[PDB]
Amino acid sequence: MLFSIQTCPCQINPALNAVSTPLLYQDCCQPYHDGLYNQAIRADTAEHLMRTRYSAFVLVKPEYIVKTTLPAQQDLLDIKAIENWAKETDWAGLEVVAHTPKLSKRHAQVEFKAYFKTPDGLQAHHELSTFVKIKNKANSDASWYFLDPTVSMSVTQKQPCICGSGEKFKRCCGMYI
């Protein structure tokens, strides 16, 4: 509970000694985690979504990780396995290398390093993640969703994309996963 008043996990960056004080969890990712849990407050950009996901790994909020994954993939995730992996990894920070908000009409990328500690020392996962913007079936509002490249799927290439865009999978999310 008192993580609210400590540095937000996404604000811990071993690659930077900054002048500006890193934001507290309550002032950074917590509104987004709490929002999705109770509800609509949503990440405005793919970079912001990626940060909130990282903080959900560190703080062990696997529900948030599932619900911010492309809806068509969510039933393919194993929330218990996510929960365990999140808990057992000794997270040590986040460095956002680059944000590509206009990768396509409906996609964005975020390149980042997620740091962790091992017997051997400080290590990093260097990742390039892809996100898709999907409209609510509710109002003209849209949200960003993570395209999980690790889940096994048997998708038909010429059929409509799993994101619901109406574009062929191969001319849409299949370009990137």
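One rule holds for the numbers: they count along the sequence shown, beginning at 1.
When you step from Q39 to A40 in this entry, do you jump over none, 1 to 3, 4 to 9, or 10 or more residues of the deposited sequence that have no coordinates?
In the deposited sequence, 4 to 9 residues between these two have no coordinates.
On mean C-alpha B-factor from the PDB entry, just flag whether 64-72 or 120-128 is the higher one.
120-128 has the higher mean C-alpha B-factor.
Return whichever of 24-32 and 139-147 has the greater mean Cα B factor according to the PDB record.
On average, C-alpha B-factors are higher across 139-147.
CA B-factor placement of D90, once the chain's modelled residues are sorted into thirds:
Its C-alpha B-factor belongs to the middle third of this chain's values.
Should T156 be placed in the lowest, middle or highest third of its chain by the C-alpha B factor in the entry?
Its C-alpha B-factor, which the entry lists for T156, ranks in the middle third among residues of this chain.
Ranked against its chain, the third holding the CA B-factor of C10
According to the entry, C10 has a C-alpha B-factor in the chain's lowest third.
State the tercile, meaning the lowest, middle or highest third, of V96 with respect to the CA B-factors recorded for its chain.
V96: CA B-factor falls in the middle third of its chain.
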